[PDB]
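Here's a solo chain for you in structure tokens, the form deposited in one PDB entry.
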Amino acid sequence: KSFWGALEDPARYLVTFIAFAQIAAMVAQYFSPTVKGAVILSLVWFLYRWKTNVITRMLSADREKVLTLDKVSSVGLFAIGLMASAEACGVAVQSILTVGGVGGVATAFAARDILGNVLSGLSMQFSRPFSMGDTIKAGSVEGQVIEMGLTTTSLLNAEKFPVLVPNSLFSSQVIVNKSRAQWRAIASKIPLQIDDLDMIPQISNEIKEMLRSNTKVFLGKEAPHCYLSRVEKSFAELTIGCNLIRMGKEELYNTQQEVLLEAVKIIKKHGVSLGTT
């Protein structure tokens, strides 16, 4: 019915058997082998009793999970009981133990991925690299964290599909956390159709002035830049960039578009025109 009976029955059988053997030998002397064999077999029987009670208790309340647990536990208990009984009796100890050891190492390397996922889930439970809702990028996958488990994490990627990442990928690869950034950084390239480069400095400086006179820029770390990155026949390329304050994602788009339009306005104000890549 419970653990109490599942113990009491084998315990009373074992005490009965050892008390029988004691007065079977007192009034040919292999008390130790038989007593150890009885202890091993009774303990195996008690473990079987407890296992059946528990997964019968679990099915008296997620059901094929209970059947899989029952089958796997019966396999494991049969293996352990066979090894321990062959060692208690003394018949073919090293042979059966070697078989069991090579089976154990087969199973232990075959299960390196499940164990990796579990151990990496725990390691992530210690050094939290992200939290629920953060937009992360792990190797090839990227999206919003929607579930954190012990063997897998669940993301929502750019097409808004739920992705399932095994937790052993967060220990061997770098993790980008797009939700903990305190300032953003934009950079673009504008092509110019220009032959009189004598006004590439002026334009450049003016643009930088515009980027410092713009709200939503961050002048704390790096200054806005706009330099000539390559030249060619009636062609030039300006590389613009700046840092922006911590903003949303529609405001980032609006600021990018606004900076680009103001830059092209400054460029066309000096009589220059855009080039063709």
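For clarity, a rigid core is taken as the largest C-alpha set superposing within 1.5 Å between two forms. Counting begins at 1, following the sequence as shown.
Heads up, the form deposited in another entry isn't pictured, but that's what we're talking about next.
*Asks:* Could you tell me whether the Cα atom of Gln22 shifts by at least 2 Å between the shown form and the other one after core superposition?
*Replies:* Yes; that C-alpha moves by at least 2 Å between the shown form and the other one.
*Asks:* Has the Cα of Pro33 moved 2 Å or more between the shown form and the other one, judged after a core fit?
*Replies:* Indeed, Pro33 is displaced by 2 Å or more.
*Asks:* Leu260: CA shift of at least 2 Å between the shown form and the other one after core fit?
*Replies:* Not so; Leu260 is displaced by less than 2 Å.
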